[PDB]
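Trainee: Below you'll find the structure I mean.
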Amino acid sequence: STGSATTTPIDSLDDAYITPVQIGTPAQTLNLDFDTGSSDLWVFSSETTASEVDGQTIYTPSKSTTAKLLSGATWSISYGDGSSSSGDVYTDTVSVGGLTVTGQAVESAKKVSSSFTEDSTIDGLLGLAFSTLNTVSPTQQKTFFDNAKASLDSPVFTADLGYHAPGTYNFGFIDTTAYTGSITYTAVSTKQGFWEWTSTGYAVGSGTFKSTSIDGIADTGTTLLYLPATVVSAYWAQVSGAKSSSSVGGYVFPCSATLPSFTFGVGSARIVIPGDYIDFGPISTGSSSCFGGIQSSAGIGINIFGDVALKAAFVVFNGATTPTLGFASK
Ligand code: NA
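Just so we're aligned, residue 1 is where the sequence shown starts under PDB author numbering, counting upward by one.
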């Protein structure tokens with residue numbers, strides 16, 4: 001089997017991407033944030049505290065003839081950005097882009113933190129990191145990909161995120177028309193439950209490539225590119241008037257600037273992030289200070305190849321017995 005779904009930016013900045021997901025029978029379609037940095041499929045629901053719901057579409061298990069309470073199971077998750085959610089668990093039929101899993105754990109939120117409530121466009125998350133991170137207790141649950149894997153034509157999914165445009169998540173096949181050149185594969189460590197890999201270095205603009213190992217995670221659920229402070233300082237030093245602002249919480253730059261590109265290494269290959277991808281716009285409405293898309297990972301404890309990086313590539317998440325990542329230009 002295969003699945004193919006379009007993923008759409010939630011706003012003009014590509015702050016996140018939503019992908020429609022069919023849950024239950026008859027189908028309830030929710031727009032989920034596919035997150036290769038976590039491993040819980042959780043939704044706004046009929047159980048979510050009413051004051052914590054503001055415009056999201058909810059999953060109502062009592063209206064699904066295939067929903068079953070997973071008795072005793074609870075979940076609770078906290079994300080890198082400080083957001084959180086928790087609740088109880090159903091199993092139900094879940095389909096993405098024509099690919100169907102029966103018996104998927106659908107984590108129904110009883111509580112969500114303010115950032116989720118405030119984002120009317122995201123009805124929940126669909127985690128695509130390794131199932132060892134799933135928070136369900138006392139019986140950990142599998143991701144949608146891990147449940148689909150054995151049925152897929154190839155044990156892979158691909159992320160093809162757009163810049164200010166829709167893109168695609170494919171399950172079970174490589175679309176050879178979706179990228180240029182060849183896919184370069186690179187080793188993955190699953191020891192922290194992430195799609196963790198080692199970039200071979202970087203360049204800033206037309207600058208020389210610096211060969212250096214940068215361990216980090218391929219995380220579709222993180223907006224920005226978070227890299228070591230040395231790398232980030234080297235990038236923003238090339239932008240007149242850029243500075244790290246403790247008050248704003250990262251590097252800002254004059255909105256009048258033209259940003260340089262950023263290149264990262266994948267083995268001997270190179271992925272080029274155009275400068276425009278690194279512009280996250282005014283820090284507040286009407287400000288001439290703009291927020292940078294490349295930020296320090298110092299204090300986060302891991303480097304994160306978030307959407308700013310991934311949307312410059314066609315990315316293969318190879319879930320073979322020994323997982324690997326692939327990157328192609330596009
Ligand atoms: Na922000």
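Positions of the beta carbon are idealized from the N, C-alpha and C atoms, including for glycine.
#1: Going by DSSP, what residue range makes up the beta strand (DSSP E) through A309?
#2: My output table needs one value for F262: the three-state DSSP class, helix, strand or coil.
#3: Let's see if you can read the secondary structure: which residues bound the alpha helix (DSSP H) around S245?
#4: Select from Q192, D54, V232, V239 the residue whose C-alpha is nearest the C-alpha of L133.
#5: Out of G98, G306, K111, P323, which has the shortest C-alpha to C-alpha gap to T29?
#6: Where does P20 fall in DSSP's three states?
#7: For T285, which three-state DSSP category applies?
#8: Can you have a look at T220 and say buried or exposed, based on whether 16 or more other CB atoms are within 10 angstroms of its CB?
#9: Can you list, in chain order, the residues of its chain with a C-beta nearer than 6 Å to that of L13? Leave out the 5 residues immediately preceding and following it.
#10: How should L32 be labelled, buried or exposed, when 16 other C-beta atoms within 10 angstroms of its C-beta is the threshold for buried?
#11: Shorter than 7 Å, the distance from the beta carbon of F291 to the closest heavy atom of ligand 1, or not?
#12: Look at the alpha carbon of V266 and the alpha carbon of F327, and state the distance between them as a whole number of angstroms.
#13: Within the same chain, show all residues whose beta-carbon is closer than 6 Å to that of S329, passing over the 5 residues directly before and after it, in chain order.
#14: With a Cβ-Cβ cutoff of 8 Å, do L126 and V21 count as a contact?
#15: I'd like the span of the beta strand (DSSP E) that includes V316, first residue to last.
#16: With C-beta atoms as the reference, is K110 less than 8 Å away from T57?
#17: Based on the DSSP output, what are the partners of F34 in its beta bridges?
#18: Could you tell me which whole beta strand (DSSP E) segments of length 3 or greater appear in the segment 125 to 190?
#19: What residue range does the alpha helix (DSSP H) around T230 cover?
#20: Which residue spans inside the segment 68 to 114 form an unbroken beta strand (DSSP E) run of at least 3?
#21: Mind checking which residues open and close the beta strand (DSSP E) that includes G326?
#22: Which class does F116 belong to by DSSP, given the choice of helix, strand or coil?
#23: If you compare alpha carbons, which of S288, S108, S64 is closest to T74?
#24: Ordered along the chain, which non-local residues of its own chain (more than five positions away) have a Cβ less than 6 Å from that of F314?
#25: Would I18 be called buried (16 or more neighbouring beta carbons within 10 Å of its own) or exposed?
#26: Is DSSP giving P26 helix, strand or coil here?
#27: Which residues does DSSP list as the beta-bridge partners of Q295?
#28: Taking buried to mean at least 16 other C-beta atoms within 10 Å of its own C-beta, is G319 buried or exposed?
#29: Taking 6 Å as the limit between beta carbons, can you name the residues of its chain near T117, skipping five residues before and five after?
Mentor: Looking at the atomic coordinates:
#1: The sequence position of residue 309 within the sequence shown is 309, counting from 1. Element bounds for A309: not the beta strand (DSSP E) but the alpha helix (DSSP H), 307 to 310.
#2: Numbered from its first residue, the sequence shown carries residue 262 at position 262. In the structure shown, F262 sits in a strand (DSSP, three-state: E or B).
#3: Locating residue 245 in the sequence shown gives position 245, where the first residue counts as 1. Per DSSP, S245 belongs to no alpha helix (DSSP H); it is in the beta strand (DSSP E), 243 to 245.
#4: The residue you call residue 133 lines up with position 133 of the sequence shown. For the residues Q192, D54, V232, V239, the minimum Cα distance to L133 belongs to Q192.
#5: As a working note, residue 29 is residue 29 in the sequence shown. Checked all of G98, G306, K111, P323; the closest Cα to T29 is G98.
#6: Along the sequence shown, read from residue 1 onward, the residue named residue 20 stands at position 20. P20 falls in the strand class under three-state DSSP.
#7: On the sequence shown, residue 285 is found 285 positions in, with the first residue counted as 1. Of the three classes helix, strand and coil, the one that applies to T285 here is coil, per DSSP.
#8: Here the question's residue 220 lines up with position 220 in the sequence shown. Under this definition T220 is a buried residue.
#9: In the sequence shown, residue 13 corresponds to position 13, counting from 1. These residues qualify, in order along the chain: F280, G281.
#10: As a first step, residue 32 must be located in the sequence shown, where it is residue number 32. With 16 or more other Cβ atoms within 10 Å, it is buried.
#11: As a working note, residue 291 is residue 291 in the sequence shown. Checking the Cβ of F291 against ligand 1 gives yes.
#12: Here residue 266 refers to the residue found at position 266 of the sequence shown. Here residue 327 refers to the residue found at position 327 of the sequence shown. Counting only the Cα atoms, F327 lies some 7 Å from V266.
#13: Locating residue 329 in the sequence shown gives position 329, where the first residue counts as 1. Cβ neighbours of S329 beyond the five flanking positions: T180, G181.
#14: Within the sequence shown, the letter at position 126 stands for residue 126. Within the sequence shown, the letter at position 21 stands for residue 21. Yes, the pair counts as a contact, with Cβ atoms nearer than the cut-off.
#15: Within the sequence shown, residue 316 is the residue found at index 316, counting from 1. Segment 314 to 318, the beta strand (DSSP E) holding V316.
#16: As a working mapping, residue 110 is identified with position 110 in the sequence shown. As a working mapping, residue 57 is identified with position 57 in the sequence shown. No, Cβ-Cβ distance for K110 and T57 is not below 8 Å.
#17: Here the question's residue 34 lines up with position 34 in the sequence shown. Answer is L126, bridged to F34.
#18: Counting whole runs of 3 or more residues, the segment 125 to 190 contains the beta strand (DSSP E) stretches 156 to 160, 167 to 171, 184 to 187.
#19: Locating residue 230 in the sequence shown gives position 230, counting from the first residue. Element bounds for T230: 229 to 236.
#20: If one requires a minimum length of 3 residues, the beta strand (DSSP E) runs lying completely within the segment 68 to 114 are 68 to 78, 84 to 96, 99 to 112, in chain order.
#21: Taking the first residue of the sequence shown as position 1, residue 326 is located at position 326. Per DSSP, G326 belongs to the beta strand (DSSP E) from 324 to 328.
#22: The count along the sequence shown starts at 1 and reaches residue 116 at position 116. In the structure shown, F116 sits in a helix (DSSP, three-state: H, G or I).
#23: Counting from one through the sequence shown, the residue named residue 74 turns up at place 74. It is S108.
#24: Sequence index remark: in the sequence shown, residue 314 carries index 314 (1-based). Cβ within range, chain order: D160, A178, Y179, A328, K330.
#25: Taking the sequence shown and counting its residues from 1, the one referred to as residue 18 is at position 18. Buried is the call here.
#26: The residue labelled residue 26 in the question sits at position 26 within the sequence shown. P26 falls in the coil class under three-state DSSP.
#27: In the sequence shown, the residue the question calls residue 295 occupies position 295. According to DSSP, which records beta bridges pairwise, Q295 is partnered with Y226.
#28: As a first step, residue 319 must be located in the sequence shown, where it is residue number 319. Burial call: buried.
#29: Counted from its first residue, the sequence shown places residue 117 at position 117. If we look at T117 and ignore the five residues flanking it on each side, its Cβ neighbours are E52, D54.
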